[PDB]
Amino acid sequence: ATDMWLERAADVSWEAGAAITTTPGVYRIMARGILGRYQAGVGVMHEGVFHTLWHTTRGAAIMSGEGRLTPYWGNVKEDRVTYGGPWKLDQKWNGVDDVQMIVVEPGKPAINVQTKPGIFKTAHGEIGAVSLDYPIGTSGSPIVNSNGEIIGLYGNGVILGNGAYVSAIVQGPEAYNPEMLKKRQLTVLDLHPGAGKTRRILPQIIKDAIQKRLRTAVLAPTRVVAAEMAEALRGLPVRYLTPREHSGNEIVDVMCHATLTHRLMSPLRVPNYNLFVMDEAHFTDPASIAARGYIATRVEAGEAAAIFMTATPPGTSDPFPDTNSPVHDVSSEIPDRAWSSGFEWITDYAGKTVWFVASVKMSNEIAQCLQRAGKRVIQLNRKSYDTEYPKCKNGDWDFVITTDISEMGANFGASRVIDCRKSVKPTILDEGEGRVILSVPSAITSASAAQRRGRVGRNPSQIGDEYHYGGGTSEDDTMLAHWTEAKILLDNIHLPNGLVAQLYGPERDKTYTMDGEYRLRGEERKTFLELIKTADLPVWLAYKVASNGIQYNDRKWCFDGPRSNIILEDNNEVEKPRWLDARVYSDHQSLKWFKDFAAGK
């Protein structure tokens, strides 16, 4: 005939060895010219659909065993075409793994050939590359997994450097830019942790900013990261705000997330920063959320630019983002308290481990259990971070037990992460006057879990890191306190041109009240500022005091509250307040500060 027909060569299977020997399988695509019969290409029948390359048939019809088929779907640029329905192959090749091509060469019987593919740097991602030279009739031969799955077809190559023939597997990243520094621009970058993130990218951002002569605000989540910024930005005009001092020329200022927020609130003027850079932009600290609110507004106004640096941007719902190196994600049962037996896999592990816990109370019971097994352990909470975190660099440890704090800029030499996927959070009850409570261990956000997971898989040379998780994730964190405390902190920030600040777009849905409701009068506002600075009170509790019109000296509210609001310690009394906030009475240390504040200060 004029049009083509099919002849079965082999099945779709992985076969042992280097070289060996609509029914599903591999078929020769045979044609007829004036000069005789030939093989036009190869194809594979899978789930009722014949798959091959567009080049093979050029849109001709194929007679199968019984009845004729014409192209159902195709793409010239992609070099793909299907017969009898849509493209049904979707399995992808994983790097560092050998695959097997089922070679159906014109005239020769079907032979399996194992090789190791290379990589092409194409326009859309990276394209796989098989280094096998075969005559054009062989085009379309399927390439299969160890599991027998088809990961693509043998296609047309590239006419390469002086002498080469590497064929592409037919099947189917970010970059920093100087144009991001333009005033109206806000870009969310995924700086890839390791030797790439803060070693080359950040210094290059600052080098650009100084040349463009922009006054820059670079923001660290904690003091530790700010010191890492001090090492990486040596030999550049830069002022380190959060405490060798400044000359008076530098236009680049390094500070904490909170440092800028507190200054933005204070009576004095705020410098007109043309550029904002924020590392660990996913930080759910009230002063971080509010800082992202202010920045997003000035960028929207055309007064400033923004670059947010985080692996998990505000709005993420993916618990397993693509890592640098391959990782094993294992669903396992994680202890919430000490254990006397079982759990051999935890203590038998030779390398270092980072265990995430729900609370400082969970950290104590688990670590006390582990040190009884002769295991060197460091405990890391929001209290003992600056002190105990630097010890982790030494390597004198087998286990690191930590709270949610470690999600923000923590470098561990560890190979395994144990995650309970829970945490104790301050939550708000709005009924009547209000109550802030420390929740029972609850399922964290998937963005937060991906940060806990992101402690491993960083090293491009170290592969197959382990990540053990127990329980699912949850996105209903609207009940939490840090949302309201942020918009309280945001309403009290002033903007010129009769403007009021608003939260960063992706986070606006979390809290909805009158915009600028929490803005306070000249005497209340100044009193509220001293309650968070001098007295170290939670933002919610400090607002309640100032809101009603209580002065900074007047301590009466601590003793004239409702009869149900009396404070307890050891099941005994303590010498209540008008409003309750668990953060000031839950543990012995903080409760001691609250009763000093109560008595006289």
# chains A, B, ... in the order shown; residues from 1 in each chain; ligands from 1
>>> residues_around(residues="residue 319 in chain A", least_positions_apart="5", cutoff="8 Å", atoms="only C-alpha atoms", output="VMD selection string")
chain A and resid 446 to 450
>>> write_last_selection(atoms="C-alpha atoms", output="PDB file, in the first residue's frame")
ATOM      1  CA  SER A 446       2.836  22.170  54.831  1.00  0.00           C
ATOM      2  CA  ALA A 447       5.117  25.164  54.167  1.00  0.00           C
ATOM      3  CA  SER A 448       6.535  24.795  57.697  1.00  0.00           C
ATOM      4  CA  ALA A 449       6.979  21.024  57.237  1.00  0.00           C
ATOM      5  CA  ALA A 450       8.963  21.633  54.038  1.00  0.00           C
TER       6      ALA A 450
END
>>> residues_around(residues="residue 421 in chain A", least_positions_apart="2", cutoff="12 Å", atoms="only C-alpha atoms", output="PyMOL selection string")
chain A and resi 319+331-336+355-359+403-404+417-419+423-424+441-453+467-474
>>> select_by_dssp(residues="range 408-578 of chain A", states="strand (DSSP E)", output="number ranges by chain")
A: 416-419, 422-423, 426-429, 435-438, 442-443, 465-469
>>> residues_around(residues="residue 287 in chain A", least_positions_apart="6", cutoff="7 Å", atoms="only C-alpha atoms", output="list in words")
residues 257, 258, 261 and 486 of chain A
>>> write_last_selection(atoms="N, CA, C and O atoms", output="JSON list (two decimals), in the first residue's frame")
[["chain", "number", "residue", "atom", "x", "y", "z"],
["A", 257, "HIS", "N", 14.35, 41.26, 61.31],
["A", 257, "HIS", "CA", 12.97, 41.47, 60.89],
["A", 257, "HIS", "C", 12.26, 42.41, 61.88],
["A", 257, "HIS", "O", 11.56, 43.34, 61.47],
["A", 258, "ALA", "N", 12.45, 42.15, 63.17],
["A", 258, "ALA", "CA", 11.81, 42.90, 64.24],
["A", 258, "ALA", "C", 12.37, 44.32, 64.42],
["A", 258, "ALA", "O", 11.62, 45.24, 64.74],
["A", 261, "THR", "N", 10.65, 46.80, 62.18],
["A", 261, "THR", "CA", 9.25, 46.92, 62.61],
["A", 261, "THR", "C", 9.12, 47.84, 63.83],
["A", 261, "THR", "O", 8.21, 48.67, 63.88],
["A", 486, "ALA", "N", 0.20, 40.88, 64.30],
["A", 486, "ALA", "CA", 0.86, 41.52, 63.16],
["A", 486, "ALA", "C", 0.09, 42.76, 62.67],
["A", 486, "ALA", "O", 0.69, 43.82, 62.48]]
>>> select_by_dssp(residues="range 202-323 of chain A", states="helix (DSSP H, G or I)", output="number ranges by chain")
A: 202-211, 223-232, 257-265, 286-300
>>> residues_around(residues="range 174-183 of chain A", least_positions_apart="6", cutoff="6 Å", atoms="only C-alpha atoms", output="NGL selection string")
:A and (302 or 304-305)
>>> write_last_selection(atoms="C-alpha atoms", output="PDB file, in the first residue's frame")
ATOM      1  CA  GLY A 302       6.271  52.892  43.511  1.00  0.00           C
ATOM      2  CA  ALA A 304      10.608  50.978  46.880  1.00  0.00           C
ATOM      3  CA  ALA A 305      11.612  47.564  45.468  1.00  0.00           C
TER       4      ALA A 305
END
>>> decode(residues="range 409-423 of chain A", atoms="C-alpha atoms", output="tab-separated table (two decimals), in the first residue's frame")
chain	number	residue	atom	x	y	z
A	409	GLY	CA	18.30	29.66	58.68
A	410	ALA	CA	19.64	26.57	60.46
A	411	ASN	CA	22.62	24.67	59.03
A	412	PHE	CA	23.07	21.09	60.26
A	413	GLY	CA	25.71	18.57	59.18
A	414	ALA	CA	23.07	15.89	59.75
A	415	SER	CA	21.86	13.17	57.37
A	416	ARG	CA	18.47	12.43	58.96
A	417	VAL	CA	15.49	14.51	60.08
A	418	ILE	CA	12.85	13.14	62.46
A	419	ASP	CA	9.67	15.24	62.34
A	420	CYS	CA	6.58	14.95	64.58
A	421	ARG	CA	4.70	17.38	62.28
A	422	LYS	CA	3.17	19.15	65.30
A	423	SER	CA	3.78	22.29	67.39
